[PDB]
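A quick write-up on the structure given underneath.
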Amino acid sequence: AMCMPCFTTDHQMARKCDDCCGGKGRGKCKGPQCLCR
């Protein structure tokens with residue numbers, strides 16, 4: 001499912017999740033999974 005992991009230890013996890021998912025607002029960190037909308 002996940003584009004990539006979300007690690008809380010990575011303070012830029014939301015930026016990285018958006019990058020994975022194509023840009024601003026496109027990725028959500030849901031616990032340990034980055035999910036694209």
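How things are named: the first chain in the structure tokens is A, the next is B, and so on; residues count from 1 in each chain; ligands count from 1 in the order shown.
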
Report task. List the neighbours of stretch 18-29 of chain A out to 9 Å using only C-alpha atoms; skip same-chain residues closer than 6 positions along the sequence, and give me the result as a VMD selection string. Result -> chain A and resid 3 to 7 35 to 37

Requested in this report: Give me every alpha helix (DSSP H) residue in chain A, going by DSSP on the backbone, as an NGL selection string.
Outcome: :A and (13-21)
